[PDB]
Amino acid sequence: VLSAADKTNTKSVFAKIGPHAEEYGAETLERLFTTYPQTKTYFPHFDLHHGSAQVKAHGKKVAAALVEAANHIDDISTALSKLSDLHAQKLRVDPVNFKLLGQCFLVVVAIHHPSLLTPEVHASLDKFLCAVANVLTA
């Protein structure tokens, strides 16, 4: 589980990135699709070119889901209720891609916020991304 220190660390990164969530959501997907191109096949109904309105529109929603998980971090299963049917049962997203997206998210934060992801805070945010993955794949 996420320890008290983990929840504080993750809330503290989200406080700092929150005003840019929307732009980091976008960049995270851009990096996902570029670094791990095989993930595109889930979004075949998107135009997936740099600066697409669908990618930017979707990034905003993904970052918002993360903000909500961070805001209700005591109970992430309940807060992310309706995304679990969708990813697990409908989209049939291979569980390995959740780490990829999470990995791309941490690269975005690192780029923009040097010295925010200390080793400890990195560790906490890793456990948070994992617990979120676990909710979406259940």
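In case it trips you up, residue 1 is the first one in the sequence shown, and so on.
Worksheet entry | Residue range whose averaged C-alpha B-factor is higher in the record, 20-28 or 113-121 | Here the higher of the two C-alpha B-factor means belongs to 20-28.
Practice prompt. Decide which of the stretches 77-85 and 96-104 has the higher mean C-alpha B-factor, going by the entry.
Written response: The deposited B-factors put 77-85 ahead on the C-alpha mean.
Discussion item. Lowest, middle or highest third: which one holds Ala57 when the chain's residues are ordered by CA B-factor from the entry?
Written reply: For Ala57, the deposited C-alpha B-factor lands in the highest third.
Practice prompt. Within this chain's modelled residues, let me know which third the CA B factor of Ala64 belongs to: lowest, middle or highest.
Written response: Middle third by C-alpha B-factor.
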